[PDB]
């Protein structure tokens, strides 16, 4: 849906790595110099499992995806990745959902497009499928990929 963050930088945060206990990340990790997709997901989200296989496909094509596990059960989340594959370059654990609150998410799943400079450029509330990618996000990803280059 619509977002008041379009054109604004990613909110400050300090979250623990989902699969690397003790390692914490900050917003600087979302300023890669290349565009990135931030995917909000959880194991309790039905369309998330279905969307996971498509994310694996995009990741294999070079699309950079950062995963934000939302108000979820950490262990179940880790098993989820070991069982279905890990498309994420990095996985953040938003156990309390505080980053989700600053991002204005309605729930899961949701995908944000962030440019190389850490500026939020698009927000899609709902599952990521070929149609959404081809019609809504792909054109934007290509634009910011060419500029970052």
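Residue numbers count along the first chain shown, from 1.
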{"query": "Segment of higher mean CA temperature factor, 28-36 or 116-124", "finding": "28-36"}
{"query": "45-53 set against 59-67, stretch whose average Cα temperature factor tops the other in the entry", "finding": "45-53"}
{"query": "Cα B factor band for residue 80 (lowest, middle or highest third within the chain)", "finding": "middle"}
{"query": "B-factor third for the C-alpha atom of residue 110 within its chain", "finding": "lowest"}
{"query": "Relative C-alpha B-factor of residue 11, binned into the chain's lowest, middle or highest third", "finding": "highest"}
{"query": "For residue 102, the third of its chain into which the C-alpha B factor falls", "finding": "middle"}
